[PDB]
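Chains as they are written, first to last, in PDB author numbering: chain A, 1 to 11, 19 to 210; chain B, 1 to 11, 20 to 210.
What follows is the structure, encoded as structure tokens:
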């Protein structure tokens, strides 16, 4: 009913972090349950859970390496790549990313920067920059599978490592379109992120 | 606390409902133990009847509303807070206040949580190192006389800035940083409400 989803979850393992009666992995698998194919990377030695609708492989040392591994196994001409630390991604966000990726070949959800944006002078406080000029980049990021393969191939040759797939595609000279992200699709990174995640999980 | 709390809720937004309470009521509960609470509201907006805050007309901008509230602030320490950040814990308030008392000017900051990118057009564009940057919240805490001087000097110079720390900085006075809170996000867009009303439940 949709198409090809890559989950580079090889960062115990982050994929098995419990958030309100579902692991992170279980949360993303629910968000993409309409996808034709879900491929998940797990750290070597970590045992894939039984009976979920997904194919598992061993991830590399970096998210990027895990994506490349997953990508080789992708069977469909369109891919969504998603951070497992973003459990609360809505069906609306997915469809919006996918829809734009189908047309444009590369599409990323973004949010405006909500707060004054400041660079500490060690101290700090420090130097403020116009938050209106900047965005917070989220996932899923959507691509033609063939394009993301080209991006990863060129990155391998150049030794380019970047924090997301959009940056690899950009290095090809390929335009990456932006769509509206969502406040609920926040990344669980720090201890207070986890606590806030338990609140949204109940509803 | 002791301690003037200024809520520049002007520059209706204050009356936005989030769970059981309006945004204003969330803020008043967060600063329930402050000796003096001053709230700015848009002209024509009528204050609710038994909240124990003191109300003044706000200005055209949030900064101008803070400047108006500072006229009336009578305690030697001041916290200034965005009414659109309802979920401010007690620990956060005490962190900011404590650091204000120690150094005279302090703000809460969060790490930038996502890849930080400057669009080129409507297209992806330039990525900057997020670890070098912070998100600034609120409350911001100061010796009242310093914030008053910072506002006077800004008005004199025509300086307009997105928070109070930048005004104090323009005086050449150091501003300390403390740890913020993920829950102290600003409600700006209709989907922030989504996140808020879920947090409101607990």
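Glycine included, every Cβ here is placed at the ideal spot set by N, Cα and C.
Fill in: Limits of the unbroken beta strand (DSSP E) element including residue 127 of chain B
123-128
Item to complete: Just confirm the distance between the C-beta atoms of residue 83 of chain B and residue 43 of chain B, as a whole number of angstroms; I'd bet it's less than 8 Å.
Response: 6 Å
Discussion item. Here's the rule I'm using: 16 or more other beta-carbon atoms within 10 Å means buried, otherwise exposed. How should residue 125 of chain A be labelled?
Written reply: buried
Worksheet item: Going along chain B, which residues have a C-beta under 9 Å from residue 135 of chain A?
Response: 144, 169, 170, 171, 173, 174 and 177
Worksheet entry | Presumed contact (8 Å Cβ cut-off) between residue 88 of chain B and residue 148 of chain B, rounded CB distance | 5 Å
Practice prompt. Give the DSSP-derived three-state secondary structure of residue 116 of chain A in the structure shown.
Written response: strand
Worksheet item: Just how far apart, CA to CA, sit residue 152 of chain B and residue 141 of chain A?
Response: 33 Å
Discussion item. So, at 7 Å on beta carbons, what are the nonlocal neighbours of residue 38 of chain A in its own chain, with the 5 sequence-adjacent residues on each side left out?
Written reply: 96 and 101
Fill in: Three or more C-beta pairs below 8 Å linking the segment 56-71 of chain B and the segment 183-194 of chain A
no
Worksheet entry | Proximal residues to residue 93 of chain A (C-beta, below 8 Å), its chain only, five neighbours per side dropped | 35, 145, 146, 192, 193, 194 and 195
Practice prompt. Using a Cβ-Cβ cut-off of 8 Å, state whether residue 9 of chain A counts as contacting chain B.
Written response: no
Item to complete: State the CB to CB distance for the pair residue 143 of chain B and residue 120 of chain B, rounded to an integer number of angstroms; the pair is presumed to be in contact (CB under 8 Å).
Response: 6 Å
Discussion item. Extract the residue ranges of the alpha helix (DSSP H) inside the segment 148-184 of chain A, only unbroken runs of 4 or more that lie entirely within it.
Written reply: 152-165 and 172-177
Discussion item. If distances are taken between C-alpha atoms only, which option among B:128, B:137 and B:114 comes closest to residue 150 of chain B?
Written reply: B:114
Practice prompt. Name the two residues that bound the continuous alpha helix (DSSP H) containing residue 107 of chain B.
Written response: 98-111
Worksheet item: DSSP on residue 18 of chain A, reduced to helix/strand/coil?
Response: It's not possible to place residue 18 of chain A here, given that chain A moves directly from 11 to 19.
Worksheet entry | Pairwise C-alpha distance: residue 53 of chain B and residue 27 of chain B | 21 Å
Worksheet item: What does a CB cutoff of less than 7 Å around residue 20 of chain A pick up in its chain, not counting 5 residues either side in sequence?
Response: 49, 50 and 53
Worksheet item: Closest by CA to residue 11 of chain B, which one among B:169, B:111 and B:202?
Response: B:169
Discussion item. Strictly by DSSP, which residues pair up with residue 73 of chain A?
Written reply: None; residue 73 of chain A has no bridge partner.
Worksheet item: With distances taken from CA atoms, which of B:112, B:1, B:161 and B:123 is nearest residue 45 of chain B?
Response: B:1
Practice prompt. Classify residue 137 of chain A as helix, strand or coil using the three-state DSSP reduction.
Written response: coil
Worksheet entry | C-beta neighbour in chain B for residue 115 of chain A, strict 8 Å | yes
Practice prompt. Report the partner residues of residue 8 of chain B according to the DSSP bridge assignment.
Written response: B:48
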